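The chain below stands alone and is given as structure tokens, in the form deposited in one PDB entry.
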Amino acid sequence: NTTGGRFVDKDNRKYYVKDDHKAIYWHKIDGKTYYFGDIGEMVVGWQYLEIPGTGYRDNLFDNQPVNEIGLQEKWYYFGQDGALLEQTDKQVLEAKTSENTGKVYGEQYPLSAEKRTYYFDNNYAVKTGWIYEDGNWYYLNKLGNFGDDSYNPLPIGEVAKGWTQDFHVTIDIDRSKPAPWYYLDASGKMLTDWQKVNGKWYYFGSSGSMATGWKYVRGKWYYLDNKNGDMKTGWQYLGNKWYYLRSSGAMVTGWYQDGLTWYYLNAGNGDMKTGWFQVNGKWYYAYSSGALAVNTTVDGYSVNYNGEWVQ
């Protein structure tokens, strides 16, 4: 909706001038959208800019006041003639790197030899977050990189690979909300169910989120590290009780013999018994270590070869 002006080439830069003033920021001119930055230099290619449409960075000229405003920034792609690529689905484009972004018309810069598929939201900005394609989920980075006083927005919108946390984000991470972990394979596909990664097992279920703590899967109980998620095996002291997990990871219930030593894991909960207890009417005694007392005396009580209290 910006008319009455004209594009002007000067000092190896391109401007749009009307009534003798330079256009700045976002402008819709003759069916196309352009962006002129803070001083009027038309941009081209990959750009990380404040979102258009509010009016605070729109239809402005360098002779007008520029309001202070807090607008999130997103990635946008402009043609070599400066027109905004109004894609709302996806498109194959030169990968964005530390050398082909933030450039303006007139500048010299290489055209990425590598091209990637980029997804877009309904407002022409590069899409971030989860996307479902051809039977699989992929995660497009919501955040860029940091590093003690430093922020690189380049990763935003790129296909995530490997271990990835899904933070709730707008302009900054939202620490109040949960941030589950996921694992994307070499091609970015989200893994589900059991998966062996770096030598350890993890359970991602059907949603993809990495489970932590006790987890019931296909009839058996498993215990994933409460913080890191890796599946535990063997004897585990959890919540002040002992549990025995098979090498497969499944929790054991009932009688279990380790070498010559018998142990009794509670029928339902699975916690190890100590002291006197009875199974199917018969009484047995387990020491504090959980080991069953056999062929000996326990406080004036005889227990035979099977640990049974012999009357």
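One rule holds for the numbers: they count along the sequence shown, beginning at 1. Between two forms, the rigid core is defined as the largest C-alpha subset superposing within 1.5 Å.
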{"query": "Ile171 unmodelled in at least a third of other compared entries", "finding": "yes"}
{"query": "Which of 153-161 and 108-116 has higher mean CA B factor, as the PDB entry lists it", "finding": "108-116"}
{"query": "Given 296-304 and 283-291, the range whose Cα B-factors average higher in the PDB entry", "finding": "296-304"}
{"query": "Member of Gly70, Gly37, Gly270, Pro52 with the greatest C-alpha B factor (per the PDB record)", "finding": "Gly70"}
{"query": "From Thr212, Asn136, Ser98, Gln87, residue of greatest CA B-factor", "finding": "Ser98"}
{"query": "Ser248 - Cα temperature factor, lowest/middle/highest third of chain", "finding": "middle"}
{"query": "Chain-wide C-alpha B factor ranking for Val44, given as lowest, middle or highest third", "finding": "lowest"}
{"query": "Chain third (lowest, middle, highest) by recorded CA B-factor, residue given as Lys177", "finding": "highest"}
{"query": "Ranked C-alpha temperature factor of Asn145 among modelled chain residues, by third", "finding": "highest"}
{"query": "Within-chain third of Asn240 by Cα B-factor, per the entry", "finding": "highest"}
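Keep in mind that the form deposited in another entry is missing from the display, and what follows is about it.
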query: Is_shifted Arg246 between this form and the one not shown (CA, 2 Å cut-off, rigid core); finding: no
query: Core-aligned C-alpha movement of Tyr48 between this form and the one not shown reaching 2 Å; finding: no
query: Exceeds or equals 2 Å, Cα of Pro65 between this form and the one not shown, core fit; finding: no
query: Cα-Cα trend for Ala125 and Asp148, given that in the other entry the distance shifts by 3 Å or more; finding: closer
query: Residue pair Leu111, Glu86 - Cα distance in the other entry, closer or farther (3 Å or more); finding: farther
